[PDB]
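Everything on this sheet refers to the single structure shown next.
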Amino acid sequence: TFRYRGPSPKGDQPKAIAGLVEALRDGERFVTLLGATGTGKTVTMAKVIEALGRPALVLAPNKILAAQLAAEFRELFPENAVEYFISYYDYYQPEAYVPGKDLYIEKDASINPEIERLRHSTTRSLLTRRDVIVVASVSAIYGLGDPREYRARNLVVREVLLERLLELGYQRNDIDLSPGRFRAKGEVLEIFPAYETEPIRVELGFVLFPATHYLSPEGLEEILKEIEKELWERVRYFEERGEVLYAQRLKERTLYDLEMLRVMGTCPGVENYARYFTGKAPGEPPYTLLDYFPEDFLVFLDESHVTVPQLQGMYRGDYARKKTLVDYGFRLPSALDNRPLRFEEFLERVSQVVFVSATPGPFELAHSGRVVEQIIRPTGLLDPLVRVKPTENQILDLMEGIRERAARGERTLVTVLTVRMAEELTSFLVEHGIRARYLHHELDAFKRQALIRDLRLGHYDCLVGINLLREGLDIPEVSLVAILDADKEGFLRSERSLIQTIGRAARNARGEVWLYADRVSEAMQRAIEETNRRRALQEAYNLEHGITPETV
Ligand SMILES: CCCCCCCCO[C@@H]1O[C@H](CO)[C@@H](O)[C@H](O)[C@H]1O
Ligand SMILES: CCCCCCCCO[C@@H]1O[C@H](CO)[C@@H](O)[C@H](O)[C@H]1O
Ligand SMILES: CCCCCCCCO[C@@H]1O[C@H](CO)[C@@H](O)[C@H](O)[C@H]1O
């Protein structure tokens, strides 16, 4: 049972909630929430979750949005369990090998304790409460230990109770303490649970869950035997090919791990032997976070037009990177079984799915048994006016438009199609009195968000880039979005992409989008019509309720 404490639903949220709830209660497996930018999709998801009272998983297209959603849900359900199943492949380097330059890359060690802490807090809550909402990036869905063992291996709250501490994955280190380590300096225990930020001093209640998701198994001895059996078979494979270097590499690394496991029941990169620990057969789908949820959990795929394709391509992407480590003797073929799920395998592990997007993709449109939209924004803000302007004298027209807006405190976003164009336009604008910066495609997150942050803070007035479908670009001061080569083919000029880009001007009471082109492509035509449809519906709602837009 959840306890919603956020703002009451306004605009189209009430209608969206209900209908969405009605569809789910009627047993629809696939449902889509078609919600324009700024209509408050998080609150809608939250009320649906509250109404159904089932634990939920919300997947986002990237780590920035994932973190953002987690933070919002925590504020909306201050008394329930909101988890962020962050993944190590989000901020750190995984093991890898690039044939191109024969360079092998080790995964980062001694990572920030917050990573594993958040992950353990997630599995712990899922096995102790129903009022749980888990947010995660799609990439987070990867092989994980067997949930049965993780579950059946707990410690309820003497002296034998320090034989348990270890068969749960906890390690000794009286020196410095770490989450998932114990300190026994005499008659006094100090367990630091893998999911806590505050250790537990024991002298003279709670429930301790394992410190690892791949904790030791049944015939540990017998398991190391099966792994070594695969090792020599694979060594022979290389030997017969004359690839002595690969045979040597695989032998040394595998024997090192086997020895490590025989002396600590664990070893760095233990996940690679996942299948041996879960007893899964080769090729079979591994256990994942999904298996830790109750059978009736609800799934939300935020930005579904992006997240669905991500879920569809995860397996292939991972296979390519892993297959390389296998081909050159760094890992056993069995490491391939510690992988992401194929899309169909994912669908086999979920019951009901709610797709969320302002521009739902083909999968959601062909499969949803119900599409519920929310167009009216709680704020009453209108979708922008969209104009089509000639390419003749585009830059001069744009420049005067930008300077006019900067004069009165308004910002401009500009999208071009090539790097040369982005480079030249930016320098040209700067040389003509405009505070413009270039959002280079090589910029990573936070750095990309740092630049965007400066625009939000008003350090400059115009941001030029190729792909503007980035996070954090919904700024109230942006009143103009200019799209050069608006009629050219390509992903960034598709119907959906145009609609998404147009939305960057919907947080300003005077928002406008200028499409520079000498012809109207079908994508433009459709995007213009949809923006007009939304604007008209919201103007009608505002008229009826006596609301007049204002920027804020
Ligand atoms: C468990 C380890 C088994 C090692 C057995 C290696 C057998 C070598 O294998 C041989 O290598 C030659 C290389 O010139 C090839 O030409 C032969 O075809 C191949 O059978
Ligand atoms: C055409 C002449 C227009 C004059 C209006 C100028 C409005 C200035 O604009 C304001 O300046 C403040 C201080 O820099 C900022 O903090 C505000 O965010 C910004 O809107
Ligand atoms: C460029 C995209 C054009 C899309 C066509 C939108 C048509 C909306 O319909 C409009 O409704 C108005 C009611 O206020 C009427 O006054 C207009 O005559 C009518 O065209």
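Atoms within each ligand, like the ligands themselves, are counted from 1 in listed order. Numbering of residues begins at 1 and proceeds along the displayed sequence. As a basis for the values below, the full set of heavy atoms in this structure was taken, side chains included, without hydrogen atoms, waters or symmetry mates.
Protein residues having a heavy atom under 4.0 Å from any atom of ligand 3 are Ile528, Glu529, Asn532, listed by chain and number.
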For this session: Begin from the C-alpha positions of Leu250 and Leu332 and carry the test side chain to side chain contact (heavy atoms under 4.5 Å, CB included) through to its verdict.
Result: CA-CA 7 Å; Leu250 184 70; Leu332 295 166; 3.8 Å; yes
For this session: Apply side chain to side chain donor-acceptor pair (under 3.5 Å) to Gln374 and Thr44, showing your working.
Result: CA-CA 9 Å; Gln374 64 178 219; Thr44 295; 2.7 Å; yes
For this session: Quick one: do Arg405 and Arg411 satisfy side chain to side chain contact (heavy atoms under 4.5 Å, CB included)? Show the steps, please.
Result: CA-CA 7 Å; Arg405 287 170 174 70; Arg411 329 296 180 209; over 6 Å; no
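No hydrogens or angles considered: a donor-acceptor pair under 3.5 Å links the side chains of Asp102 and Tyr97. In the model, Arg507 has no side-chain atom that pairs as donor or acceptor with a side-chain atom of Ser479 under 3.5 Å.
Between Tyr276 and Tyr273, the two ring planes are tilted [angle within 30° to 60°].
Residue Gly458 places every heavy atom at 4.0 Å or more from ligand 2.
Of all the atoms in ligand 1, the ones that sit under 4.0 Å from a non-hydrogen atom of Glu239 are 4 (C), 6 (C).
Of the inter-residue distances, the one linking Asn467 atom CG with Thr415 atom OG1 reads 7.5 Å to the nearest 0.5 angstrom.
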